[PDB]
There are 2 protein chains.
Amino acid sequence: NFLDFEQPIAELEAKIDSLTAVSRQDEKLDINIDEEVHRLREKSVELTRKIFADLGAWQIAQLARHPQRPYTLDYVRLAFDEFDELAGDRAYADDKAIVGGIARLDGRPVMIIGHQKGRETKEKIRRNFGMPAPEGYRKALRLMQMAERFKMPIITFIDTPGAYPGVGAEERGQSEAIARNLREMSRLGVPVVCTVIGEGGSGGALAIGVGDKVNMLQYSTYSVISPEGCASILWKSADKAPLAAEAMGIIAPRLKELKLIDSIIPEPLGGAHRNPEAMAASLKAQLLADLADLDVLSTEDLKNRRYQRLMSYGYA
Amino acid sequence: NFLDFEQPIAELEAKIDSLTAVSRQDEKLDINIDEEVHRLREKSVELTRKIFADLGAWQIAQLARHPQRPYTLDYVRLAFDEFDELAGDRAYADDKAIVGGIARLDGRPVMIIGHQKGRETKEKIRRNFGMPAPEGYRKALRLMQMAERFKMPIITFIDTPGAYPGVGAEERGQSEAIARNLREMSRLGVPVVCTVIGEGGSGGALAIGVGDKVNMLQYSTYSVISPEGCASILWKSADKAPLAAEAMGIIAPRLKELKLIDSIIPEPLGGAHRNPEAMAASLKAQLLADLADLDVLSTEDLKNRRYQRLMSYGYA
């Protein structure tokens with residue numbers, strides 16, 4: 001299901017599908033499929049550049065929410081192996097809006113923590129649209145401590161609309177849990193790398209994003225507040241979300257100059273959704289490179305550097 | 001237009017035709033034409049043997065009258081070159097039921113006399129269904145004399161239902177003209193070869209068929225009277241034509257044993273009409289072979305042999 005501005009790409013795709021049927025549909029129909037396929041694929045490839053060259057911040061947000069995209073499960077599958085999912089906070093529940101586990105990266109063992117919006121409606125409602133109740137963040141703290149204890153690096157993916165705004169979420173110390181998370185992660189003796197795949201932000205995202213390095217795709221928005229919220233509070237409306245997106249600076253290159261993120265991982269054309277494997281390979285390369293130049297530093301120097309980088313936050 | 005017993009061959013042909021259309025008809029239709037063409041041609045080739053193995057004398061007559069077949073024009077075109085058509089009896093008209101001319105056979109010059117039924121209805125009525133009025137036979141005598149004079153061999157084809165049974169034909173000495181023809185041809189000083197391509201007989205055919213050699217296709221009937229006439233006079237009916245054909249002995253092999261014809265030229269499968277070129281090549285080879293072993297004999301010995309062979313006619 002392509003977005004509104006990806007229409008010319010769609011109709012060309014719509015002609016492309018029935019090519020399979022015409023191959024063996026009925027009445028002996030087996031036409032010269034290869035010629036038409038090649039011409040239509042050429043046109044489609046040419047047109048996507050005609051479509052994805054002129055997208056800006058409001059679009060970037062739409063693309064960051066494309067309802068066909070790799071979630072943390074997808075990146076785990078397409079760049080990680082021997083994945084073991086640990087579920088359980090030890091207190092009140094395991095949460096489906098966060099998925100964590102311990103896996104191997106090119107032999108090396110790692111910890112993977114991140115969100116999972118679910119693909120279709122069913123897995124979206126079963127995972128609460130990637131909105132974690134605090135018990136999830138307590139689980140994430142528990143896993144992060146486990147990873148710290150056994151001299152293990154931590155790889156974290158961040159793809160959350162935000163911490164759930166609900167009765168159950170507020171009752172259980174949402175603020176307290178996120179505060180603790182932000183406290184412990186800033187003392188681990190192991191390197192930390194955190195991407196911004198997909199749509200993330202709204203503070204709750206930061207619960208698992210305080211690390212040595214930070215990386216973001218080219219169509220991923222990292223906003224202290226969703227554009228619609230900023231629009232409602234400030235613009236006194238919702239339709240004016242694109243203006244809020246333009247003003248805030250939620251796009252990766254805008255953030256990059258702000259010394260906030262350490263690298264942008266380029267996407268396959270038309271969005272990572274068109275070539276999830278290519279995006280997974282790019283992410284794996286970026287993660288490995290980040291880990292490499294990180295392992296040289298010792299644990300004490302690692303923590304000191306982490307603290308120093310934090311203090312660089314804010315123009316002050 | 002195939003005959004009644006060639007139906008299974010037809011329907012398979014009927015499926016075969018629209019293969020051309022399906023190649024580029026509409027809606028991008030270009031199917032794997034070669035596979036279906038090969039399979040259907042295999043089936044058609046197998047079926048014709050299933051159809052032309054079990055034909056007998058009544059059929060042979062039907063095949064001899066297949067309304068798709070090479071007439072003398074066709075054999076001239078497909079086995080002769082530098083053909084010049086002489087038309088004119090010098091007396092009252094040139095006739096379209098006979099076509100004569102002087103042409104070359106592999107360099108050698110020859111004379112070609114024979115009938116031409118015309119292909120479609122128009123050329124059939126314009127040529128009087130290959131039925132010659134006597135002026136035609138006078139023309140044939142004139143040409144035969146011309147060929148004799150200039151030491152030239154004569155090749156004759158014979159494809160006639162018969163001499164026209166009409167007022168104009170009877171008035172002009174039909175009997176006289178044919179008698180003269182039968183007289184002169186038995187004195188020419190040049191070799192004579194005469195086939196029985198197509199349907200011929202009824203005496204008038206003999207007007208141009210008294211030569212050193214005689215040859216007949218495998219599906220050509222040479223009857224002193226059409227089967228239908230024999231049926232009407234003797235059987236007292238018309239439907240009983242096949243019995244008349246069986247009794248008379250109008251089929252080539254039946255005649256061959258009678259010492260009446262000197263050779264049968266085998267046909268392409270399914271009738272010469274399916275491969276007119278192959279039939280033309282076979283006819284040309286037979287004609288050349290006949291001429292070869294004939295030119296050895298001198299003119300006097302040629303005429304003496306011709307006379308002796310004639311006397312062998314009839315068991316007496």
# chains A, B, ... in the order shown; residues from 1 in each chain; ligands from 1

call {"tool": "closest_atom_pairs", "arguments": {"of": "chain B", "to": "chain A", "cutoff": "6 Å", "atoms": "only C-alpha atoms", "output": "JSON lines"}}
result
{"residue": "B:29", "atom": "CA", "partner": "A:31", "partner_atom": "CA", "distance": 5.6}
{"residue": "B:30", "atom": "CA", "partner": "A:31", "partner_atom": "CA", "distance": 4.5}
{"residue": "B:31", "atom": "CA", "partner": "A:30", "partner_atom": "CA", "distance": 4.5}

call {"tool": "select_by_dssp", "arguments": {"residues": "region 60-175 of chain A", "states": "alpha helix (DSSP H)", "output": "PyMOL selection string"}}
result
chain A and resi 60-64+72-79+121-126+134-149+167-171+174-175

call {"tool": "residues_around", "arguments": {"residues": "residue 92 (chain A)", "least_positions_apart": "2", "cutoff": "7 Å", "atoms": "only C-alpha atoms", "output": "ChimeraX atom specification"}}
result
/A:89-90,135

call {"tool": "write_last_selection", "arguments": {"atoms": "N, CA, C and O atoms", "output": "PDB file, in the first residue's frame"}}
result
ATOM      1  N   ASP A  89       9.367  -8.735  32.276  1.00  0.00           N
ATOM      2  CA  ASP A  89       9.915  -7.700  33.142  1.00  0.00           C
ATOM      3  C   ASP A  89      10.287  -8.224  34.521  1.00  0.00           C
ATOM      4  O   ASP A  89      11.083  -7.586  35.216  1.00  0.00           O
ATOM      5  N   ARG A  90       9.738  -9.365  34.920  1.00  0.00           N
ATOM      6  CA  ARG A  90       9.866  -9.984  36.232  1.00  0.00           C
ATOM      7  C   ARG A  90       8.894  -9.370  37.231  1.00  0.00           C
ATOM      8  O   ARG A  90       8.847  -9.836  38.373  1.00  0.00           O
ATOM      9  N   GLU A 135       6.185  -1.327  31.986  1.00  0.00           N
ATOM     10  CA  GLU A 135       6.761  -2.644  32.236  1.00  0.00           C
ATOM     11  C   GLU A 135       7.712  -3.030  31.116  1.00  0.00           C
ATOM     12  O   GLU A 135       8.742  -3.667  31.353  1.00  0.00           O
TER      13      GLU A 135
END

call {"tool": "atom_distance", "arguments": {"atom1": "CA of residue 118 (chain B)", "atom2": "CA of residue 86 (chain B)"}}
result
17.7 Å

call {"tool": "atom_distance", "arguments": {"atom1": "CA of residue 190 (chain A)", "atom2": "CA of residue 252 (chain A)"}}
result
26.2 Å

call {"tool": "residues_around", "arguments": {"residues": "residue 49 (chain B)", "least_positions_apart": "6", "cutoff": "10 Å", "atoms": "only C-alpha atoms", "output": "count of residues only"}}
result
3

call {"tool": "residues_around", "arguments": {"residues": "region 146-158 of chain A", "least_positions_apart": "4", "cutoff": "8 Å", "atoms": "only C-alpha atoms", "output": "list in words"}}
result
residues 72, 109, 110, 111, 112, 113, 114, 115, 142, 188, 189, 190, 191, 192, 193, 194, 195, 196, 197, 198, 199, 200, 205, 208, 209 and 287 of chain A

call {"tool": "select_by_dssp", "arguments": {"residues": "region 132-243 of chain B", "states": "strand (DSSP E or B)", "output": "list in words"}}
result
residues 154, 155, 156, 192, 193, 194, 200, 201, 213, 214, 215, 216, 217, 222 and 223 of chain B

call {"tool": "write_last_selection", "arguments": {"atoms": "N, CA, C and O atoms", "output": "PDB file, in the first residue's frame"}}
result
ATOM      1  N   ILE B 154       7.726 -33.946 -78.370  1.00  0.00           N
ATOM      2  CA  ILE B 154       6.392 -33.440 -77.937  1.00  0.00           C
ATOM      3  C   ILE B 154       6.067 -33.986 -76.542  1.00  0.00           C
ATOM      4  O   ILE B 154       6.123 -35.225 -76.359  1.00  0.00           O
ATOM      5  N   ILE B 155       5.735 -33.096 -75.607  1.00  0.00           N
ATOM      6  CA  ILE B 155       5.301 -33.555 -74.258  1.00  0.00           C
ATOM      7  C   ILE B 155       3.813 -33.214 -74.151  1.00  0.00           C
ATOM      8  O   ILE B 155       3.449 -32.046 -74.361  1.00  0.00           O
ATOM      9  N   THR B 156       2.977 -34.192 -73.821  1.00  0.00           N
ATOM     10  CA  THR B 156       1.543 -33.857 -73.834  1.00  0.00           C
ATOM     11  C   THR B 156       0.943 -34.182 -72.492  1.00  0.00           C
ATOM     12  O   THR B 156       1.271 -35.247 -71.933  1.00  0.00           O
ATOM     13  N   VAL B 192       7.061 -39.003 -78.741  1.00  0.00           N
ATOM     14  CA  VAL B 192       5.873 -38.466 -78.090  1.00  0.00           C
ATOM     15  C   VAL B 192       5.732 -39.115 -76.722  1.00  0.00           C
ATOM     16  O   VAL B 192       5.835 -40.340 -76.596  1.00  0.00           O
ATOM     17  N   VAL B 193       5.504 -38.294 -75.704  1.00  0.00           N
ATOM     18  CA  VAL B 193       5.256 -38.748 -74.343  1.00  0.00           C
ATOM     19  C   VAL B 193       3.973 -38.091 -73.866  1.00  0.00           C
ATOM     20  O   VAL B 193       3.752 -36.901 -74.116  1.00  0.00           O
ATOM     21  N   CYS B 194       3.128 -38.859 -73.187  1.00  0.00           N
ATOM     22  CA  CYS B 194       1.812 -38.380 -72.791  1.00  0.00           C
ATOM     23  C   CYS B 194       1.459 -38.901 -71.409  1.00  0.00           C
ATOM     24  O   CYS B 194       1.380 -40.114 -71.199  1.00  0.00           O
ATOM     25  N   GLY B 200      -9.050 -37.827 -66.994  1.00  0.00           N
ATOM     26  CA  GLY B 200      -9.077 -37.846 -68.445  1.00  0.00           C
ATOM     27  C   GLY B 200      -9.723 -39.109 -68.963  1.00  0.00           C
ATOM     28  O   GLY B 200      -9.925 -40.078 -68.225  1.00  0.00           O
ATOM     29  N   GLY B 201     -10.056 -39.083 -70.243  1.00  0.00           N
ATOM     30  CA  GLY B 201     -10.637 -40.230 -70.908  1.00  0.00           C
ATOM     31  C   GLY B 201     -11.774 -39.800 -71.812  1.00  0.00           C
ATOM     32  O   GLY B 201     -11.883 -38.636 -72.184  1.00  0.00           O
ATOM     33  N   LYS B 213       5.245 -43.374 -75.292  1.00  0.00           N
ATOM     34  CA  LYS B 213       5.091 -43.710 -73.887  1.00  0.00           C
ATOM     35  C   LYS B 213       3.789 -43.128 -73.360  1.00  0.00           C
ATOM     36  O   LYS B 213       3.249 -42.167 -73.913  1.00  0.00           O
ATOM     37  N   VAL B 214       3.291 -43.726 -72.284  1.00  0.00           N
ATOM     38  CA  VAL B 214       2.109 -43.243 -71.587  1.00  0.00           C
ATOM     39  C   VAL B 214       2.358 -43.372 -70.094  1.00  0.00           C
ATOM     40  O   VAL B 214       2.901 -44.383 -69.638  1.00  0.00           O
ATOM     41  N   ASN B 215       1.974 -42.346 -69.338  1.00  0.00           N
ATOM     42  CA  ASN B 215       2.207 -42.316 -67.904  1.00  0.00           C
ATOM     43  C   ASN B 215       0.967 -41.764 -67.216  1.00  0.00           C
ATOM     44  O   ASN B 215       0.194 -41.006 -67.804  1.00  0.00           O
ATOM     45  N   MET B 216       0.783 -42.153 -65.957  1.00  0.00           N
ATOM     46  CA  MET B 216      -0.413 -41.773 -65.221  1.00  0.00           C
ATOM     47  C   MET B 216      -0.083 -41.632 -63.744  1.00  0.00           C
ATOM     48  O   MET B 216       0.716 -42.399 -63.203  1.00  0.00           O
ATOM     49  N   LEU B 217      -0.710 -40.654 -63.097  1.00  0.00           N
ATOM     50  CA  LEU B 217      -0.557 -40.494 -61.663  1.00  0.00           C
ATOM     51  C   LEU B 217      -1.182 -41.681 -60.937  1.00  0.00           C
ATOM     52  O   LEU B 217      -1.701 -42.619 -61.546  1.00  0.00           O
ATOM     53  N   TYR B 222      -8.679 -43.062 -66.237  1.00  0.00           N
ATOM     54  CA  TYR B 222      -8.630 -43.017 -67.702  1.00  0.00           C
ATOM     55  C   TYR B 222      -9.691 -43.989 -68.219  1.00  0.00           C
ATOM     56  O   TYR B 222      -9.401 -45.155 -68.492  1.00  0.00           O
ATOM     57  N   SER B 223     -10.921 -43.483 -68.319  1.00  0.00           N
ATOM     58  CA  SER B 223     -12.042 -44.387 -68.664  1.00  0.00           C
ATOM     59  C   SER B 223     -12.650 -44.068 -70.029  1.00  0.00           C
ATOM     60  O   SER B 223     -12.887 -42.876 -70.315  1.00  0.00           O
TER      61      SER B 223
END

call {"tool": "closest_residue", "arguments": {"among": "B:15, B:77, B:273, B:138", "to": "residue 43 (chain B)", "atoms": "only C-alpha atoms"}}
result
B:15
